[PDB]
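These protein sequences, in sequence, are chains A and B.
Residues 1 to 82, 82A to 82C, 83 to 100, 100A to 100D, 101 to 215 in PDB author numbering are what the first sequence lists, from first letter to last.
Residues 1 to 27, 27A to 27E, 28 to 211 in PDB author numbering are what the second sequence lists, from first letter to last.
A short write-up of the structure that comes next.
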Amino acid sequence: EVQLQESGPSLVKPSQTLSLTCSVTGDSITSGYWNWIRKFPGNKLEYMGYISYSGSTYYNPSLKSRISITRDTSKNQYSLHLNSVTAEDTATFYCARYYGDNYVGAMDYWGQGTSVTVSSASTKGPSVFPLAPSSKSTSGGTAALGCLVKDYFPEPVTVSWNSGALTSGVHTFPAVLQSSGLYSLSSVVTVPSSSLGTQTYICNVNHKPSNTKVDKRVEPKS
Amino acid sequence: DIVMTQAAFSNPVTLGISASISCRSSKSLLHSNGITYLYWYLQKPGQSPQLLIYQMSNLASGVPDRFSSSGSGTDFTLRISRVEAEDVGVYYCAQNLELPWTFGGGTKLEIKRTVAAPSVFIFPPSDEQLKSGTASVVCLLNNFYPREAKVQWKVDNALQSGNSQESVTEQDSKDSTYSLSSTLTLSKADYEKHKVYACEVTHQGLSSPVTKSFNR
Ligand SMILES: CCC(=O)N(c1ccccc1)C1CCN(CCc2ccccc2)CC1
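If you want it as structure tokens, here you go:
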């Protein structure tokens, strides 16, 4: 079908211009209408505007004075520029296709969304600590183990287990800001107690804003 | 430009019944051409929003026939027949009769399943973290329902007033449970002042509070 992929910095300083790019595959941006929407941290959605198949643009009147939309038809990409940002602009930004015409259609395909945080603070990579399985974290034949991914900024971080081979019983908790203003989270997995004797468990952590990437082996403890 | 309103934050429902989620608009979404310019989107945990219904009466491709939209003018309802556990997520109404597109604030569909107590697990700090001068203790409440739970930290039987924070998963799409972490973080110096670290858990599924503890 159609695939949309947002890209750009995850961190922008206040007063700067935020720029994002949406790369489209499976469809040409010289047909249809091509949109930007954002989702604020409390889940409210705000339509930002579109660039049409012809390159004409529409902007939400609440944002018109602060936004520009551009396109590069050779790369099949279009871009959002948002002026003079503040922490009020921190959000997950989505691009999405509108298919149809003025009479019949819908915004059907959305991108995966990209987080942007507005702060003057420098990026910080996480410390990754094992949450070791022990009798304090077992119930009968079930043991819990995990990784603590601590003191990073900004969102997002990605976590996998055994390079994605282990997904059953995994909970990666939503990141929560600490009183330091830095994020922390744990990712946990529940596994058969007996497996701890021959299966190695490794959490893969990737924090792209700070160029931190860590594999951490999680060994049993007494 | 039209205001779209979804008064409910959440809509708890039991499996297999018809659910209904309400949306109201500040002006009629019905054009003279006979089309109502109302849309429904679903955002499941961890996914982007996805189109369910467009222009009130059309199902998006791949969407099961259990979703339908009723009402007229300014008062609408999304109906989900025979609700499944995988239906959990935030449902948004939207309009584009007038630009800009505008969206309701969302309503989270929640499955009311049987009460389920948490399994409580506790993790002392790692040697690696201690070597760096801090100590984080993690209490995990796994696979419980309802979401409401009280977790208290007690250090040598002294209730802690601070230094901890919680995180809760979205409701699981397969077993309809939540899980929760509570993390207490201390300087290594403060951590080594005390002996017994305990998280005490209160929950609908527990007949009395449960404490899991270790001795440093
Ligand atoms: C993202 C693009 C978008 O959403 N739209 C769009 C489509 C094409 C070109 C400009 C904007 C809306 C589509 C629905 N119409 C409903 C109003 C109406 C009803 C009947 C006849 C004429 C107009 C408003 C504009």
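Backbone N, C-alpha and C fix where the C-beta goes; we use that ideal spot for every residue, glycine too.
Backbone CA spacing between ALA130(B) and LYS143(A) [nearest angstrom]: Taking the second sequence and counting its residues from 1, one reaches residue 130(B) at position 135. Taking the first sequence and counting its residues from 1, one reaches residue 143(A) at position 150. Distance between the alpha carbons of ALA130(B) and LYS143(A) is about 11 angstroms.
Backbone CA spacing between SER76(B) and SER113(A) [nearest angstrom]: What you label residue 76(B) is simply residue 81 of the second sequence in a count that begins at 1. What you label residue 113(A) is simply residue 120 of the first sequence in a count that begins at 1. Going by the C-alpha atoms only, they are around 48 angstroms apart.
Exposed or buried, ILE37(A), counting other C-beta atoms within 10 Å across all chains shown (16 or more means buried)? Residue mapping note: residue 37(A) aligns to position 37 of the first sequence, counting from 1. Looking at its Cβ environment, which holds 16 or more other Cβ atoms inside 10 Å, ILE37(A) is buried.
Looking at C-beta atoms only, is the number of pairs between the segment 110–119 of chain B and the segment 135–145 of chain B that lie closer than 8 angstroms three or more? yes
List the residues of chain A that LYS207(B) touches, going by C-beta distances under 8 angstroms, in chain order. Numbered from 1 along the second sequence, position 212 holds the residue referred to as residue 207(B). Result: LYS129.
Between the segment 103–123 of chain A and the segment 89–106 of chain B, are three or more C-beta pairs nearer than 8 angstroms? no
Give the straight-line distance between the Cα atoms of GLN155(B) and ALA80(B), rounded to the nearest whole angstrom. Counting from 1 along the second sequence, the entry for residue 155(B) is found at position 160. Counting from 1 along the second sequence, the entry for residue 80(B) is found at position 85. C-alpha separation (whole angstroms): 37 angstroms.
Does the beta carbon of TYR145(A) sit closer than 8 angstroms to a beta carbon anywhere in chain B? Within the first sequence, residue 145(A) is the residue found at index 152, counting from 1. Judged by the 8 angstroms Cβ criterion, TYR145(A) is not in contact with chain B.
If the criterion is Cβ atoms closer than 8 angstroms, does the pair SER7(A) and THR21(A) meet it? Counting from 1 along the first sequence, the entry for residue 7(A) is found at position 7. Counting from 1 along the first sequence, the entry for residue 21(A) is found at position 21. Their beta carbons are under 8 angstroms apart, which means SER7(A) touches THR21(A) by this criterion.
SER187(A) to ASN82A(A), Cα distance in whole Å? Mapped onto the first sequence, residue 187(A) falls at position 194. Mapped onto the first sequence, residue 82A(A) falls at position 83. The straight-line gap from Cα to Cα measures roughly 56 angstroms.
What residue from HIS81(A), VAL2(A), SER115(A), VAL100A(A) has the CA that sits closest to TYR49(B)'s CA? Your numbering for residue 49(B) matches position 54 in the second sequence. When only C-alpha atoms are compared, the closest one is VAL100A(A).
Contact set for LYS117(A): own chain, Cβ-Cβ below 7 angstroms, skip 5 residues either direction: Walking along the first sequence from the start, residue 117(A) turns up at place 124. Here the set comprises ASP144, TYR145, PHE146, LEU175, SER203.
Straight-line gap, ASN99(A) to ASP27(A) (C-alpha atoms, nearest Å): The residue given as residue 99(A) occupies position 102 in the first sequence. The residue given as residue 27(A) occupies position 27 in the first sequence. Between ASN99(A) and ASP27(A), the C-alpha separation is close to 19 angstroms.
Determine the DSSP secondary structure at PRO44(B), reduced to helix, strand or coil. Residue numbering aside, residue 44(B) sits at position 49 when the second sequence is read from its first letter. Three-state result, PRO44(B): coil.
Of all Cβ atoms in chain A, is any one closer than 8 angstroms to the Cβ of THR164(B)? By one-based count along the second sequence, residue 164(B) stands at place 169. Yes - at least one Cβ of chain A is within 8 angstroms of the one on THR164(B).
Express the C-alpha separation of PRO59(B) and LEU33(B) in angstroms, rounding to a whole number. Position 38 of the second sequence holds residue 33(B). Position 64 of the second sequence holds residue 59(B). Their backbone Cα atoms lie some 18 angstroms apart in a straight line.
The beta strand (DSSP E) enclosing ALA136(A), as first and last residue numbers: Residue mapping note: residue 136(A) aligns to position 143 of the first sequence, counting from 1. Here the beta strand (DSSP E) through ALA136(A) covers 135–145.
From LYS107(B) to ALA168(A), what does the alpha carbon distance come to, in whole angstroms? Mapped onto the second sequence, residue 107(B) falls at position 112. Mapped onto the first sequence, residue 168(A) falls at position 175. Straight-line Cα distance between these residues: approximately 26 angstroms.
Over the uninterrupted beta strand (DSSP E) stretch that includes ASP122(B), give me the two end residues. Position 127 of the second sequence holds residue 122(B). Counting along the chain, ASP122(B) falls outside any beta strand (DSSP E), though it belongs to the alpha helix (DSSP H) covering 122–126.
Starting from the Cα of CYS23(B), find the closest Cα among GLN38(B), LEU104(B), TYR87(B) and give me that residue. Here residue 23(B) corresponds to residue number 23 of the second sequence, with the count starting at 1. Ranking the options by Cα distance to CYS23(B), first place goes to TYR87(B).
How would you write the range of the beta strand (DSSP E) that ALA111(B) sits in, first residue to last? Here residue 111(B) refers to the residue found at position 116 of the second sequence. That residue, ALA111(B), is in no beta strand (DSSP E); it is neither H nor E in DSSP.
For the beta strand (DSSP E) that contains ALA184(B), what are its first and last residues? Start at 1 with the first residue of the second sequence, and residue 184(B) comes out as number 189. Not the beta strand (DSSP E): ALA184(B) falls in the alpha helix (DSSP H), residues 183–186.
Under 8 angstroms by Cβ, that's how I've got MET100D(A) and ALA88(A) pegged, so tell me the actual separation to the nearest angstrom. On the first sequence, residue 100D(A) is found 107 positions in, with the first residue counted as 1. On the first sequence, residue 88(A) is found 91 positions in, with the first residue counted as 1. Wrong, their Cβ atoms sit about 17 angstroms apart, outside the cutoff.
Over the uninterrupted beta strand (DSSP E) stretch that includes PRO123(A), give me the two end residues. Taking the first sequence and counting its residues from 1, the one referred to as residue 123(A) is at position 130. Unbroken beta strand (DSSP E) run through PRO123(A): 120–124.
Closer than 9 angstroms by beta-carbon distance: list the chain A residues that pair up with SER114(B), in chain order. Looking up residue 114(B) in the second sequence gives position 119. Near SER114(B) (Cβ distances below 9 angstroms), the residues of chain A are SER132, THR135, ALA137, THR183.
Using a Cβ-Cβ distance under 8 angstroms, would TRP96(B) count as near chain A? Along the second sequence, one-based indexing puts residue 96(B) at 101. So, interface residue.
Counting only the same chain and skipping the five closest in sequence on each side, list residues whose C-beta sits under 8 angstroms from that of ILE17(B). If you number the second sequence from 1, residue 17(B) lands on position 17. Closer than 8 angstroms at the Cβ level, and outside the excluded window around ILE17(B), lie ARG77, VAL78.
So, using beta-carbon positions, are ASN158(B) and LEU125(B) closer together than 8 angstroms? Looking up residue 158(B) in the second sequence gives position 163. Looking up residue 125(B) in the second sequence gives position 130. Not in contact: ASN158(B) and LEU125(B) (Cβ atoms no closer than 8 angstroms).
What in chain B is Cβ-close to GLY106(A), meaning under 7 angstroms? To locate residue 106(A), count along the first sequence from 1; it is residue 113. Ordered by position in chain B, the residues that pass the 7 angstroms Cβ test against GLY106(A) are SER43.
Beta-carbon spacing of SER79(A), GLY139(A) below 8 angstroms: Along the first sequence, read from residue 1 onward, the residue named residue 79(A) stands at position 79. Along the first sequence, read from residue 1 onward, the residue named residue 139(A) stands at position 146. Going by C-beta atoms, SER79(A) is not nearer than 8 angstroms to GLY139(A).
I'd like to confirm something about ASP101(A): is its beta-carbon nearer than 7 angstroms to some heavy atom of ligand 1, or not? Indexing the first sequence from 1 puts residue 101(A) at position 108. Outside the cutoff, so no.
Between which residues of its own chain and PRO119(A) is the CB-CB distance below 7 angstroms, once the five residues before and five after are set aside? Numbered from 1 along the first sequence, position 126 holds the residue referred to as residue 119(A). Cβ within range, chain order: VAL142, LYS143, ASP144, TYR145, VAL150, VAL198, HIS200, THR205.
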